[PDB]
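S.K.: to kick things off, part of the complex as it is:
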Amino acid sequence: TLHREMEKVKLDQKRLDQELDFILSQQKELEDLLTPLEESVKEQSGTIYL
Amino acid sequence: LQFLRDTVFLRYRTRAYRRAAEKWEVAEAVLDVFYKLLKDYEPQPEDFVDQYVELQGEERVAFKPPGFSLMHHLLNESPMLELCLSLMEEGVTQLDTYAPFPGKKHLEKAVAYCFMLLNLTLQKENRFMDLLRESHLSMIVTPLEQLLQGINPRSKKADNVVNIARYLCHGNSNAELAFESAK
């Protein structure tokens, strides 16, 4: 039964593990999109200045 | 400021170096100025109420306490922050090489200025968060702690602190980075 539980907990830990790197992947892609929105903002600010 | 941060620093990795030490030296330059810039920044409630100045007939917002912008860049996922961390990881690896002179002295001083700016952000962050929370820019800042446990792009996990430690292994050769790190 300990073999059973340890294998299942291994699935659980691997799951949380991959999920952490995936949420970090979203955290990266979202800062990437946070920079292009800033690019659009900069242009909007320039238009307002004009 | 924008000229230095967007054009020089953030690109410093993409520039070709005929003398490799030049990348390190240029990063060192940009870092020196950003450092001194933050080092004088005193957080005040004036910075967060956008002072309106009539410049050239248009009402433009006056610049906040000089470091505020830099702080907003360090208190969020700015390519500046990730670049700090990337230079950090790269310096850690290069140190791990235990290799001679190439670009070294500049590399040391660079990473040292980086650690200094980190310490400074941590130092001022308490009052800065108090003031921002008192004047309420919708700007969301995270205390540098949570960011430091960030999941490193190269590492794919939170080894920023672990890497930061690893320099402590290089103590007997580099006392300086060890001091900064332990701080």
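M.R.: Received, thanks. Residues are numbered from 1 along each chain as shown, chains lettered A, B, ... in the order given.
S.K.: chain A contacts on chain B?
M.R.: B:58, B:77, B:78, B:79, B:82, B:151, B:153, B:156, B:157 (CB under 8 Å from any CB of the partner chain). C-betas here are computed from N, CA, C, even on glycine.
S.K.: which ones are touching the first one?
M.R.: When contacts are counted by CB atoms under 8 Å, 6 or more residues apart in numbering or on different chains, residue B:58 is found next to residue A:49.
S.K.: relative to residue B:47, how far out is it?
M.R.: 21 Å (CB to CB, to the nearest Å).
S.K.: same question for residue B:55.
M.R.: Relative to residue B:47, and taking CB to CB, residue B:55 is found at 18 Å.
S.K.: who's more crowded, those two?
M.R.: residue B:47 (24 against 10; other CB atoms under 10 Å in any protein chain shown).
S.K.: isn't that one up against residue B:68?
M.R.: Yes. Contact criterion CB atoms under 8 Å: residue B:47 and residue B:68 qualify, at 4.8 Å.
S.K.: before we move on, the earlier item: now secondary structure and distance to residue B:164 too, for the residues of chain B next to chain A, in TSV please.
M.R.: Shown next, in TSV, are the residues of chain B next to chain A (DSSP: H, G, I helix; E, B strand; the rest coil; distance: CB to CB, whole Å):
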residue	secondary structure	distance to residue B:164
B:58	strand	45
B:77	coil	19
B:78	coil	19
B:79	helix	20
B:82	helix	15
B:151	coil	15
B:153	coil	16
B:156	coil	17
B:157	coil	14
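S.K.: give me the buried entries from these.
M.R.: Listed as buried from the residues of chain B next to chain A are B:77, B:78, B:79, B:82, B:151; burial here means 16 or more other CB atoms under 10 Å in any protein chain shown.
S.K.: any idea which helix or strand carries the residue nearest the centre of chain A?
M.R.: Nearest to the mean C-alpha position of chain A, counting by CA atoms, centre = their mean, stands residue A:26 at 2.1 Å. Assigned by DSSP states H and E, residue A:26 belongs to helix A:2-49.
S.K.: also, this goes in as chain C:
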Amino acid sequence: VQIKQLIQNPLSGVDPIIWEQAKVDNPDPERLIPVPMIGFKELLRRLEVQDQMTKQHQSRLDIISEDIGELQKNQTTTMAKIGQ
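M.R.: Chain C, in position alongside the others:
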């Protein structure tokens, strides 16, 4: 079925009366069949079997412990990156 093909048609020479009495007195007869034991060298035999099973038991338990420790370190890492 093989259980009833084996436990009956009595064993190596234990008399059938004691064999059926040990079949009836069997606690957990699904998790055990009455096995014939002869004297004291067979007691040494059962101690040897207990020893080898103890070795295997410690081994598999430590294997479960290895799985546990790996899941634990990776769990700490995942719970670190979540906050990032």
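S.K.: one step back: what's the helix holding residue A:26 packed up against?
M.R.: helix B:79-97, helix C:41-83 (3 or more CB pairs under 8 Å, 6 or more residues apart in numbering or on different chains; DSSP states H and E).
S.K.: closest one to residue B:181 among those helices?
M.R.: helix B:79-97 (10.2 Å; CB to CB).
S.K.: helix or strand next in line after the closest one, which one?
M.R.: Following helix B:79-97 toward the C-terminus (DSSP H and E): helix B:104-135.
S.K.: buried residues, that next one. List them.
M.R.: Buried residues in helix B:104-135 (16+ other CB under 10 Å): B:106-118, B:120-121, B:124-125, B:128-129, B:131-132.
S.K.: how close does the residue nearest to the spatial centre of chain C get to chain B?
M.R.: What sits nearest the mean C-alpha location of chain C, by CA atoms, centre = their mean, is residue C:53, with 7.0 Å. Residue C:53 sits 41 Å away from chain B, going by CB to the nearest CB, to the nearest Å.
S.K.: which ones are touching residue B:8?
M.R.: Contacts of residue B:8 by CB under 8 Å, 6+ apart are B:26, B:30.
S.K.: again but with residue B:173, I slipped
M.R.: residue B:98.
S.K.: assign a three-state SS to it, would you?
M.R.: Using DSSP: H, G, I helix; E, B strand; the rest coil, the structure places residue B:173 in coil.
S.K.: ok, now residue C:31?
M.R.: Following three-state DSSP, residue C:31 is assigned to coil.
S.K.: quick one: furthest residue from the center of chain B?
M.R.: Distance from the C-alpha centroid of chain B, by CA atoms, centre = their mean, peaks at residue B:57 (35.5 Å).
S.K.: how about residue B:32, phi and psi?
M.R.: For residue B:32, the backbone dihedrals (degrees, to the nearest 10) come out as phi -60, psi -40.
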